[PDB]
Amino acid sequence: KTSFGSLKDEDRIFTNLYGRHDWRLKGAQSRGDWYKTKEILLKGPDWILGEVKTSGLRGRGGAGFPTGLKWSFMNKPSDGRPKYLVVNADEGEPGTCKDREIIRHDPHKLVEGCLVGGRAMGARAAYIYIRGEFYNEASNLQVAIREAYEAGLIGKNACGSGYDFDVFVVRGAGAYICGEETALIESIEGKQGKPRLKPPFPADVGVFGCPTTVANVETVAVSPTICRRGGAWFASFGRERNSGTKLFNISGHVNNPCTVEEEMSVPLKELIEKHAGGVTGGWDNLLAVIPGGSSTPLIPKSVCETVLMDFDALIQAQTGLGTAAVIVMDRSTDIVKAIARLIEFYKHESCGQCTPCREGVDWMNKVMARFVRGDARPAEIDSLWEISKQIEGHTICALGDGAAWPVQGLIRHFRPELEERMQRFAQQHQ
Amino acid sequence: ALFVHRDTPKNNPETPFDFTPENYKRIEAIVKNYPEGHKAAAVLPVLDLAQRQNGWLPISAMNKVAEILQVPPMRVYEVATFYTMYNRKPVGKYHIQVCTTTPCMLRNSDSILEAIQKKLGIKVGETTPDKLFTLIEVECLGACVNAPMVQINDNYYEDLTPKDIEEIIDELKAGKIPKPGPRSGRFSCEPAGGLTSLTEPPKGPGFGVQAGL
Amino acid sequence: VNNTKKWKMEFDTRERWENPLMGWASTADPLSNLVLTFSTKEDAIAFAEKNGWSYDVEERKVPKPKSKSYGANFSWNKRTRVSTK
Ligand SMILES: NC(=O)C1=CN([C@@H]2O[C@H](COP(=O)(O)OP(=O)(O)OC[C@H]3O[C@@H](n4cnc5c(N)ncnc54)[C@H](O)[C@@H]3O)[C@@H](O)[C@H]2O)C=CC1
Ligand SMILES: Cc1cc2nc3c(=O)[nH]c(=O)nc-3n(C[C@H](O)[C@H](O)[C@H](O)COP(=O)(O)O)c2cc1C
Ligand code: SF4
Ligand code: FES
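As given, the protein sequences belong to chains A, B and C, one line each in that order. Plus 474 on top of the position in the first sequence (first one is 1) and you've got the working numbering. Plus 24 on top of the position in the second sequence (first one is 1) and you've got the working numbering. Plus 556 on top of the position in the third sequence (first one is 1) and you've got the working numbering.
Now the structure itself:
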């Protein structure tokens with residue numbers, strides 16, 4: 475197959491994504507959830523991992539790591555320490571709201587995925603980490619977990635399979651850095667959200683020193699549907715090494731901002747013109763698009779026309795798919811002010827542990843405020859490029875790269891605009 | 025917002041604070057959630073519960089938490105100062121938070137913030153004289169397709185306009201509570217021009233299951 | 557640790573007194589500020605014995621190799637868990 479897009483309503487995993495149907499257990503079992511879970515838990519952890527590997531599923535957190543191999547890293551005999559699945563629902567990245575809708579409207583899919591993933595690697599329990607500000611969503615998730623506990627689907631003798639599995643929900647306290655896996659592991663343990671170093675990987679030492687697998691909500695909530703419908707069905711969508719469907723959040727200067735499920739290799743223009751209702755002012759009014767939320771570099775109007783929305787088609791376009799969150803800025807956007815706001819956001823939500831991010835993100839914030847005011851000479855554009863190169867690749871976690879990338883994208887695609895703004899300020903001031 | 029504490033007469037270690045017995049039961053459930061040998065892992069929810077009891081965190085809830093959980097109080101101070109959701113200063117009854125990140129600044133959240141500021145007669149980080157409102161500026165709140173938006177305590181108010189949010193503040197000043205949702209024609213996250221997808225009914229159980237399962 | 561590479565020969569410290577006029581430190585030792593650098597211990601011993609100086613030799617102290625691991629900060633049942641990071 476070469477042409478992609480227009481996923482049929484029968485092939486969408488997340489029915490009741492918009493909240494139009496019942497989200498409780500009666501509404502969940504009327505749509506396909508909790509079906510033949512005893513057979514899934516009885517067929518074997520190796521069988522579940524093989525079904526995940528054959529599906530070609532990559533991590534929907536933003537890294538794109540193949541989930542089959544990552545979940546197969548935990549398939550080792552236990553040395554007496556317990557093993558844990560941790561589902562991460564922090565979702566502090568700007569532009570991203572898919573996991574909030576998944577928690578609010580489909581909690582039973584999430585907890586069925588938790589049970590299947592726990593069986594897949596022999597986990598003892600599940601610690602669903604949710605954002606501190608998602609109070610009503612966490613309460614709905616707790617209500618659904620109570621409903622599943624009272625019906626015997628999870629807990630002691632889970633689904634009549636003899637498997638022992640608990641689900642726990644913890645709440646954050648408003649820190650975007652806690653979305654990182656090792657930082658989340660440190661935050662669960664009663665410490666600050668300062669990320670650890672790798673090695674050790676979480677499969678060797680994770681929460682409480684136990685083996686732990688951190689997984690996104692979107693890469694967990696599809697595992698029961700992958701195990702039920704089949705791995706090849708999930709691999710029949712998208713290009714090679716980009717198999718499956720994806721939730722896309724279109725926001726910004728668009729007619730209808732919305733969250734929509736779609737095929738993986740849909741063109742960005744087709745996605746905007748079909749589900750968002752079009753760019754505000756038409757497609758000719760488009761200036762820039764951030765493809766995957768604030769961590770990924772932007773692309774201008776000319777590049778954005780013929781680019782598919784998957785991992786490889788954006789990696790070859792020197793950007794990333796990220797959280798698959800499309801932010802659209804039309805020609806009325808002061809793009810320098812938007813990128814300066816992004817650098818300020820990364821300045822605020824930095825744990826400050828390792829010094830290149832702790833100093834240089836504030837450094838780029840200061841020079842970007844000066845760039846927005848236009849109070850500079852053209853040499854510090856290249857100096858800022860050198861600084862962003864000095865941060866990218868010399869930090870503990872990947873927030874340094876996520877703060878360096880928008881600066882580099884803005885420089886590379888819009889240095890004439892910076893130069894004319896700065897020379898206009900220099901002419902009007904002196 | 026300073027990260028060092030001076031012993032004011034209103035905020036001292038001798039300030040009375042203690043947990044109600046039902047909050048003690050909830051604290052013991054929180055502790056029972058975690059494995060033995062790692063009772064320090066319950067610093068976050070017990071501190072959040074203490075804030076929800078008191079409204080803010082003086083330096084008497086932190087040492088009470090440190091005494092209850094058997095941890096050094098410096099670790100509780102670190103946890104309280106790291107996270108932005110812990111109020112070490114007494115905020116008003118309604119904690120208004122306006123998100124001004126780029127997906128919300130593109131949809132003109134500055135108009136909403138200006139309308140709130142010139143409605144309440146205060147600025148960002150300031151409280152009303154009668155201690156009823158507190159307006160601060162936050163980062164992204166996970167509802168970017170519902171931009172612009174504000175959060176009041178645990179309630180998300182989304183798809184707001186200056187007139188609508190002025191009416192929301194007026195409803196809160198009268199003692200009423202508004203409905204925490206999007207205020208336009210959309211319900212949760214669908215397009216305002218109707219459903220582009222998922223217009224078919226869900227197929228129900230047993231559909232498309234592979235052979236041999 | 558670049559200053560702990562070469563052996564040094566020094567001398568004992570004799571009397572230093574204060575100057576009556578200006579309070580400076582006067583001394584009568586000609587060998588007060590004289591040190592010598594040797595590559596090995598044996599060369600220093602040979603140089604000291606050649607000039608007829610009675611010498612005291614104290615052995616080189618080198619730090620033993622420790623056992624440092626990053627994963628010990630997050631142990632599951634050991635006392636080496638860090639309180640904070
Ligand atoms: N979804 C969101 O809200 C956000 C997503 N991101 C995205 O996240 C990505 C960066 O995150 P990372 O976790 O650092 O990505 P990646 O370096 O770590 O790895 C992803 C996962 O694979 C595991 N892994 C990788 N190599 C491994 C190996 N050899 N052995 C064992 N396990 C291994 C890691 O432990 C991790 O759990 C970027 O693509 C960025 O765009 C960034 C910010 C926010
Ligand atoms: C600063 C930072 C914040 C992150 N926040 C999230 C997040 O909120 N949700 C998420 O799924 N991944 C987030 N990640 C990515 C995680 O490190 C990790 O890739 C993800 O939790 C698991 O990926 P997976 O989909 O393969 O399981 C963040 C990474 C960094 C560096
Ligand atoms: S890059 Fe920044 S957020 Fe990440 S570990 Fe270093 S200081 Fe913390
Ligand atoms: S940018 Fe405002 S809710 Fe995300």
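Quick reminder that beta carbons are idealized off the backbone N, C-alpha and C, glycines included.
- Partner residues in the beta bridge of residue 629 of chain A, as assigned by DSSP, are A:639.
- Proximity of the segment 670-686 of chain A to the segment 621-634 of chain C meets the contact definition, three or more beta-carbon pairs being nearer than 8 Å.
- Listed along chain B, no residue sits closer than 7 Å to residue 610 of chain C by beta-carbon distance, the nearest being about 55 Å off.
- In the three-state reduction of the DSSP assignment, residue 175 of chain B falls in the strand class, which pools E and B.
- Our two residues, residue 657 of chain A and residue 829 of chain A, have alpha carbons roughly 16 Å apart in a direct line.
- DSSP places residue 864 of chain A in no beta strand (DSSP E) but in the uninterrupted alpha helix (DSSP H) bounded by 853-865.
- When rounded, the separation of the alpha-carbon atoms in residue 58 of chain B and residue 847 of chain A is 51 Å.
- Taking CB atoms only, residue 625 of chain C has no neighbour in chain B less than 8 Å away.
- One Cα belongs to residue 877 of chain A, the other to residue 889 of chain A, and the distance between them is close to 18 Å.
- At a cut-off of 8 Å between beta-carbon atoms, residue 827 of chain A makes no contact with chain B.
- Using beta-carbon distances, residue 639 of chain C counts as an interface residue toward chain B, with a partner under 8 Å.
- Under the 8 Å criterion on CB atoms, residue 903 of chain A is classed as non-interfacial with respect to chain B.
- With 16 or more other Cβ atoms from the protein chains shown falling within 10 Å of its own Cβ, residue 591 of chain A counts as buried.
- Around the beta carbon of residue 603 of chain A, 16 or more other beta carbons lie within 10 angstroms, which makes this residue buried.
- Taking non-hydrogen atoms of ligand 1 into account, the C-beta of residue 660 of chain A is found less than 7 Å away from none of them.
- Every alpha helix (DSSP H) of 4 residues or more that sits fully in the segment 125-179 of chain B is shown, in chain order, as 126-129, 133-144.
- Look at residue 805 of chain A: its C-beta is not under 8 Å from any C-beta on chain B.
- Assignment of residue 804 of chain A by DSSP, reduced to helix, strand and coil, places it in the strand class.
- About 11 Å separates the Cβ atoms of residue 124 of chain B and residue 812 of chain A, ruling out a contact at the 8 Å cut-off.
- At least one heavy atom of ligand 2 sits closer than 7 Å to the Cβ of residue 688 of chain A.
- C-alpha of residue 820 of chain A to C-alpha of residue 766 of chain A: approximately 16 Å in a straight line.
- The beta carbon of residue 78 of chain B lies closer than 8 Å to those of 41, 85 in the same chain, with the five residues before and after it left out.
- Relative to the non-hydrogen atoms of ligand 4, the Cβ of residue 633 of chain A never comes closer than 7 Å to any of them.
- With a cutoff of 7 Å, residue 676 of chain A counts as near ligand 1, since its C-beta is closer than that to a heavy atom of the ligand.
- Within chain B, the C-beta atoms nearer than 8 Å to that of residue 571 of chain A come from 166, 167, 168, 169, 170, 213, in chain order.
- The set of residues with any CB-heavy atom separation to ligand 4 below 5 Å comprises, in chain order, A:568, B:123, B:125, B:127, B:128, B:164, B:165, B:167, B:168.
- If you draw a straight line from the Cα of residue 178 of chain B to the Cα of residue 133 of chain B, it comes to about 20 Å.
- Checking the 7 Å criterion, the Cβ of residue 482 of chain A is out of range of every heavy atom belonging to ligand 1.
- Distance between residue 626 of chain A and residue 234 of chain B, taken at the CA atoms: about 25 Å.
- Measuring C-alpha to C-alpha distances from residue 776 of chain A to each of A:769, A:762, A:557 identifies A:762 as the nearest.
- Under the three-state reduction of DSSP, residue 562 of chain A is assigned to strand.
- Going by C-alpha positions, residue 585 of chain A is about 12 Å away from residue 614 of chain A.
- Around the CB of residue 201 of chain B, fewer than 16 other CB atoms lie within 10 Å, so the residue is classed as exposed.
- Put simply, the CB of residue 662 of chain A is near chain B, with a gap under 8 Å to one of its CB atoms.
- Chain A has a Cβ within less than 8 Å of the Cβ of residue 630 of chain C.
- Here residue 597 of chain A carries a coil assignment [DSSP, helix/strand/coil].
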